[PDB]
Amino acid sequence: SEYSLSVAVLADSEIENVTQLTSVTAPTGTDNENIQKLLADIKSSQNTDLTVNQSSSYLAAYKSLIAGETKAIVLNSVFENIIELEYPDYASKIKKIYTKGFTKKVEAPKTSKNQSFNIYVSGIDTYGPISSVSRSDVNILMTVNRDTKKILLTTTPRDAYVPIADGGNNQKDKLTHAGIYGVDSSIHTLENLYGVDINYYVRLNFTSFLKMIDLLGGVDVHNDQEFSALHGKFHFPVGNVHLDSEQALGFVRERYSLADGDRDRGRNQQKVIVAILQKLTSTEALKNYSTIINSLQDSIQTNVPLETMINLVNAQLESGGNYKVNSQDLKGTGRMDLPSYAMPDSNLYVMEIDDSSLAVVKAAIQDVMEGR
Ligand SMILES: CC(C)=CCC/C(C)=C\CC/C(C)=C\CC/C(C)=C\CC/C(C)=C\CC/C(C)=C\CC/C(C)=C\CC/C(C)=C\COP(=O)(O)OP(=O)(O)O
Ligand SMILES: [Mg+2]
């Protein structure tokens, strides 16, 4: 995967190039490896040595820039998406006078040595091409035991206040923000939280989801409470409900009017995962798995190797047998007085994790993996 570091100044700055600078503001406490490589590239190509004025973060460096407290900053493209949360117009306030491309080695999928594996499902809250960066509002761990034919779905509330791995610097913030840093941040955040290996991920957005439901001929669920979605457009009665793509999207996004709010939304998402699974494991869909990949490969990202898809599909085609699916949710207390690493200047709702819930969730994950 690709990212870049840049030297940025204000849009109307008289500074045109890096040789005109003596110093640059940069968060060398937290992004030193990348920063030093940029400084080395600059020294190599422009024979210019810059001293660093340390900032506490990319956000802090940006604030110093617009306040006129520094002439120039280092910007890492990954963290521009974080700056954008507090400063939506940041791109229009700056120009870049130097740019360096970087590549990060992609962490391979982990192959289980046994019958059990974990897939992480990340749902991104935007329409459009799948490369669109947004928050991960769906965060569901699928623990799959092929021996016992059991699946446990563990949802972690998107507001869950947890140490965010990688770009999050292991500081506490709402889980959904990890999706802004990228799927690796999301994955490592949940591996660390639950003490498990996540073997694979699937990342999809609103547009990806609609396309998928369309291709599968809709999905069928049992709806447990009457509710409506999307400003009253869809009405969902109690009982068996068929959902086309638009109905299904409404069905997984509504929270405010549900008896248990965001917890019920998560449960609704789990219902839809089961329903999708029932369509994906029909004889017809399994046979046509190639067509499904071809039709959805542009909109759904995954590191499940092709060989692994082939194996799972063909094993299922030969064996049959449905998975018994159970669901759980990590619990906690909603608070508005705890600091966000990504957005230190905003009062955000976060969910402080309940320790005993965490222990139960981890124990349930291990049990399903070990066949208990
Ligand atoms: C059959 C095969 C392929 C294999 C064999 C299967 C086998 C042998 C075994 C079974 C296990 C395996 C291998 C696979 C199972 C299949 C998998 C991995 C997944 C199926 C499920 C899936 C891909 C998706 C379902 C995800 C889902 C419920 C929703 C996604 C919708 C999105 C993108 C976003 C919603 C965002 C929300 C809630 C609010 C934003 O809304 P907003 O932001 O406006 O609101 P606010 O923010 O304010 O709240
Ligand atoms: Mg959202």
Side-chain angles (χ1 to χ4, degrees), residues 112 115-128 130 132 134-147 150-153 155 157-159 174-177 179-180 198-213 215-216 219 221 229-231 243 245 248-256 258 261-262 264-290 292-293 296 299-304 306 308-325 327 349:
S112 180
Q115 72 279 337
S116 295
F117 67 94
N118 285 283
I119 298 181
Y120 164 59
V121 178
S122 178
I124 308 299
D125 69 339
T126 182
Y127 294 100
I130 186 57
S132 303
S134 205
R135 285 161 307 276
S136 184
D137 279 347
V138 173
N139 304 92
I140 297 170
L141 188 70
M142 303 179 60
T143 301
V144 179
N145 187 318
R146 299 175 292 109
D147 181 54
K150 294 285 198 282
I151 297 172
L152 173 69
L153 307 174
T155 184
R158 65 95 183 274
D159 299 307
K174 44 173 67 194
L175 177 59
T176 189
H177 289 172
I180 304 184
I198 286 173
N199 303 85
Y200 316 108
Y201 73 88
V202 181
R203 183 175 169 280
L204 79 163
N205 72 20
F206 293 158
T207 297
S208 321
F209 176 84
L210 298 170
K211 287 190 115 174
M212 188 175 53
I213 302 294
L215 196 74
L216 299 176
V219 292
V221 297
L230 301 202
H231 58 267
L243 305 161
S245 54
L249 187 58
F251 189 89
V252 302
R253 286 177 77 191
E254 177 65 15
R255 45 161 173 148
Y256 301 131
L258 305 179
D262 192 72
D264 276 346
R265 179 162 72 166
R267 290 178 187 120
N268 282 338
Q269 291 160 9
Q270 292 164 319
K271 286 177 184 291
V272 166
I273 289 180
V274 174
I276 291 164
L277 250 166
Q278 291 167 323
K279 290 295 185 89
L280 286 176
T281 54
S282 76
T283 312
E284 181 164 305
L286 291 162
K287 276 284 285 182
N288 306 340
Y289 81 91
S290 252
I292 296 172
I293 293 168
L296 292 176
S299 56
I300 292 171
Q301 294 168 336
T302 185
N303 65 344
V304 176
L306 177 56
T308 307
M309 294 191 208
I310 292 173
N311 290 334
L312 298 167
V313 165
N314 281 102
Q316 191 60 27
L317 273 174
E318 291 186 4
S319 80
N322 304 317
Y323 284 83
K324 174 67 184 181
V325 186
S327 288
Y349 176 89

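Index from 1, following the sequence. Counting starts at 1 for both ligands and their atoms, following the listed order. What's counted below: heavy atoms across the whole structure, side chains too, no hydrogens, waters or symmetry copies.
- Per residue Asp125, closest N, O or S atom to the Mg ion (ligand 2): atom name OD2.
- Of all N, O or S atoms in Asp137, the one lying closest to the Mg ion (ligand 2) is OD2.
- Looking at heavy atoms from C-beta onward, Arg265 lies in side-chain contact with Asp262 at the 4.5 angstrom threshold.
- Between the side chain of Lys279 and the main chain of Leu216, a donor-acceptor pair closer than 3.5 Å is present.
- Among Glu254, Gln316, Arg265, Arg203, the residue whose heavy atom lies nearest to atom 45 (O) of ligand 1 is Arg265.
- In terms of N/O distances under 3.5 Å, ligand 1 is not approached by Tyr323.
- With hydrogens and angles ignored, the 3.5 Å screen pairs no side-chain donor or acceptor of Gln269 with any backbone N or O of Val138.
- Judged purely by distance below 3.5 Å, without hydrogens or angles, the side chains of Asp125 and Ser134 pair a donor atom with an acceptor atom.
- For ligand 1, the atoms closer than 4.0 angstrom to any heavy atom of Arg158 are 46 (P), 47 (O), 48 (O), 49 (O).
- One option in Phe251, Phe209, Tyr201, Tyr289 has a heavy atom closer to atom 31 (C) of ligand 1 than any other, and that option is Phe209.
- Residue contacts with ligand 1 include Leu286, since one or more of its heavy atoms lies under 4.0 Å from the ligand.
- Heavy atoms of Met309 found under 4.0 angstrom from ligand 1: none, in either backbone or side chain.
- Atoms of ligand 1 lying under 4.0 Å from any heavy atom of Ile119, numbered from 1 in the order shown and given with element: 12 (C), 13 (C), 18 (C).
- The backbone N or O of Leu296 sits nowhere less than 3.5 Å from a side-chain atom of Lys211 that would complete a donor-acceptor pair.
- Less than 4.0 angstrom separates some heavy atom of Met142 from each of these atoms of ligand 1: 15 (C), 17 (C), 18 (C), 19 (C).
- Using modelled atom types, no side-chain atom of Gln278 and backbone atom of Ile273 make a donor-acceptor pair closer than 3.5 Å.
- Under the 4.5 Å side-chain criterion, counting only non-hydrogen atoms from C-beta, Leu317 is not in contact with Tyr289.
- Of all atoms in ligand 1, numbered sequentially from 1 with element shown, those under 4.0 Å from a heavy atom of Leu280 are 1 (C).
- Residue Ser116 is tested with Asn199, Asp147, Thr143, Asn145 for a side-chain hydrogen bond (donor to acceptor under 3.5 Å, both in side chains); the sole match is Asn145.
- Annotation for ligand 1: atoms under 4.0 Å from non-hydrogen atoms of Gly123 are 33 (C).
- Using a 4.0 Å cut-off between heavy atoms, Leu277 contacts ligand 1 through its side chain alone, with no backbone atom that close.
- In this structure, the ring of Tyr201 has its center no less than 6.0 angstrom from the ring center of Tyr120.
- For ligand 1, the atoms lying closer than 4.0 Å to a non-hydrogen atom of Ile124 are 33 (C).
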- request: Please assess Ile124 against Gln301 for the test side chain to side chain contact (heavy atoms under 4.5 Å, CB included), listing each intermediate value before the final yes or no.
  value: CA-CA 11 Å; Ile124 308 299; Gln301 294 168 336; over 6 Å; no
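- Contacts with ligand 1 closer than 4.0 Å are made by side-chain heavy atoms of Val138 only, the backbone lying farther away.
- Within the structure, ligand 1 lacks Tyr200 among the residues with a heavy atom less than 4.0 angstrom away.
- Heavy-atom contacts of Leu312 reach the following atoms of ligand 1: 13 (C) (cutoff under 4.0 Å).
- No donor-acceptor distance shorter than 3.5 angstrom exists from the side chain of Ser122 to the backbone of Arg203, with no hydrogens or angles considered.
- Geometrically, ligand 1 and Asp137 share a nitrogen or oxygen pair separated by less than 3.5 Å.
- With hydrogens and angles ignored, the 3.5 Å screen pairs no side-chain donor or acceptor of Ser208 with any backbone N or O of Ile300.
- Nearest residue to atom 22 (C) of ligand 1 from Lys279, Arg255, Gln270, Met212 is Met212 (criterion: closest heavy atom).
- Of all the atoms in ligand 1, the ones that sit under 4.0 Å from a non-hydrogen atom of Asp125 are 40 (C), 43 (O).
- Of all heavy-atom pairs spanning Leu286 and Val313, the tightest one is O-CG1, 3.3 Å.
- With a 4.0 Å cut-off on non-hydrogen atoms, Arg146 does not touch ligand 1 at all.
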